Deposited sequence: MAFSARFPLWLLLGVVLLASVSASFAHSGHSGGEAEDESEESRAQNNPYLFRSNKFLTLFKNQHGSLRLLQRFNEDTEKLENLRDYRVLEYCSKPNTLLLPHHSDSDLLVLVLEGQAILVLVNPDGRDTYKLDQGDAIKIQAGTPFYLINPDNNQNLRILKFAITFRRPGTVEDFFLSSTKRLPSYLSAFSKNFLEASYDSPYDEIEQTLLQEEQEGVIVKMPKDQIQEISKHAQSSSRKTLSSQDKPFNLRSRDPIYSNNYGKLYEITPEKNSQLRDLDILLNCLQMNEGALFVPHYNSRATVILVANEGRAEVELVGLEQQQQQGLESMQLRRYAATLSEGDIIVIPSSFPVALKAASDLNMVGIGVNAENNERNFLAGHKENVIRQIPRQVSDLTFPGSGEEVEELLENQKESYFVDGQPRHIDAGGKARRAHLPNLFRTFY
């Protein structure tokens, strides 16, 4: 059917309690060979209720963290000290693999929802988190060292070590608690009219992204509006439905196939580069895109007034290309006065 659609149900729950949850999307190339180019990436979703803390741990992968909702205090621990960041909705930050960090939702009434995009390199497609704390879920990884190794390391009797560090205290890793971030809308939208806006941050313009060769964008569309047919020349975009519902039509050659699907909050659709795509906001809509192989990407439109490549074909060639006359093709293309987003 549609190898590019990942409904929230394809998300596997890693941990969850009354305070929040962490889920991991199935591998992109899990059920298909078509998404081979996405094998090194995993998408995780973290949600926590007000006044909670994700216990300290480090990941074996580089993480691109995005606040989709709420606000957080993020602390990064270095051997020599620590950095604290207050993250607001739309803020993004890269967490280099191996950095222990903890996350707090300081709000007293609002939930925190974070999207974590993981770039794996140790074990391709695999992401592991090492928690410093022993819980019902899993004991501290420090408890795996032998007693003799533990005693010599800390220069203390094992009973001391075990009672202070190893013994199980919390039940889970989310507990009720008693480089710098950049926001996706930190710049003018690259597309903007009465029907919608598109914010985009490319690796060419952000040092954090340059290393990862990833682009991020924020799409906001008024109900009924339509993002007209276009395609990206290089980037494959993982599109996440954050708020609202979207009707998407992706055209691909595998023969000519139309993959139509309606996305709901939490659903995900991957848009391969070169594949024409178009989408309709069934309700007011907000989506976040993460495009890999982003460097030097260009968006080509097939309809509308601005950046419409069809409108650049000489008439004597348009004429041989389409059934209509050169003049006819021209006039038709002239009919849509709007650009990028139009009334659907």
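Student: Let me make sure I understand the coverage. Which parts of the deposited sequence, in order from the N-terminal end, have no C-alpha coordinates here?
Tutor: 1-45, 224-245, 322-331, 422-445 are the stretches of the deposited chain that have no C-alpha coordinates in the structure.
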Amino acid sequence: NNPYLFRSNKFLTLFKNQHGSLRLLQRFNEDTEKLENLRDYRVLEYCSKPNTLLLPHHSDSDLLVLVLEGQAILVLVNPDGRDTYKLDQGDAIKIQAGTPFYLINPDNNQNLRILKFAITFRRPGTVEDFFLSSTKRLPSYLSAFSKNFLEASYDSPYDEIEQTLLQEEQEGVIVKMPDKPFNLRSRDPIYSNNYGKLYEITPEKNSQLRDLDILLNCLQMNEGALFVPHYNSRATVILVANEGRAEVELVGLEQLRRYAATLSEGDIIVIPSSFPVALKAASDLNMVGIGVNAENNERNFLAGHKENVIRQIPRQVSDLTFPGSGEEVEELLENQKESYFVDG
From here on, numbers count along this sequence of modelled residues.
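Under this definition, the rigid core comprises the largest set of C-alpha atoms superposing within 1.5 Å between the forms.
Student: Rigid core superposed, root mean square over structures and residues, which stretch has C-alphas farther from this form in 4 other deposited structures of this protein, 166-174 or 269-277?
Tutor: Relative to the shown form, the greater RMS C-alpha distance in 4 other deposited structures of this protein belongs to 166-174.
Student: Tell me whether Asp213 turns out to be unmodelled in at least a third of the other entries of this protein, restricted to those that model residues on both sides.
Tutor: In none of the comparable entries (those modelling both sides of it) is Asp213 left without coordinates.
Student: Does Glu223 go missing in at least one third of the other entries compared here?
Tutor: Looking at the other entries that model residues on either side of it, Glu223 is present in every one.
Student: Which has the higher mean CA temperature factor in the PDB entry, 19-27 or 322-330?
Tutor: The stretch with the larger mean CA B-factor is 322-330.
Student: On mean Cα temperature factor in this entry, is 163-171 or 181-189 the higher one?
Tutor: 163-171 has the higher mean C-alpha B-factor.
Student: Which is it among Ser274, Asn108, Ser143, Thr126: the one with the largest CA B-factor in the entry?
Tutor: Going by the entry's C-alpha B-factors, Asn108 comes out highest.
Student: Which is it among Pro229, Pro157, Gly224, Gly90: the one with the largest CA B-factor in the entry?
Tutor: Among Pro229, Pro157, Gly224, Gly90, the PDB entry lists the largest C-alpha B-factor for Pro157.
Student: Ordered by C-alpha B-factor within the chain, which third holds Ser134? Give me lowest, middle or highest, please.
Tutor: Highest third of the chain for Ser134's C-alpha B-factor.
Student: Tell me, lowest, middle or highest third: where does the Cα B factor of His58 rank within its chain?
Tutor: It falls in the bottom third of the chain.
Student: Considering only modelled residues of the same chain, in which third does the CA B-factor of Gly304 rank: lowest, middle or highest?
Tutor: For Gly304, the deposited C-alpha B-factor lands in the middle third.
Student: What third of the chain, by the recorded C-alpha B-factor, contains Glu33?
Tutor: Within its chain, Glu33 is a highest-third residue by C-alpha B-factor, going by the deposited values.
Student: Determine, from the deposited record, the chain-internal third of the Cα B-factor for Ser207: lowest, middle or highest.
Tutor: For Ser207, the deposited C-alpha B-factor lands in the highest third.
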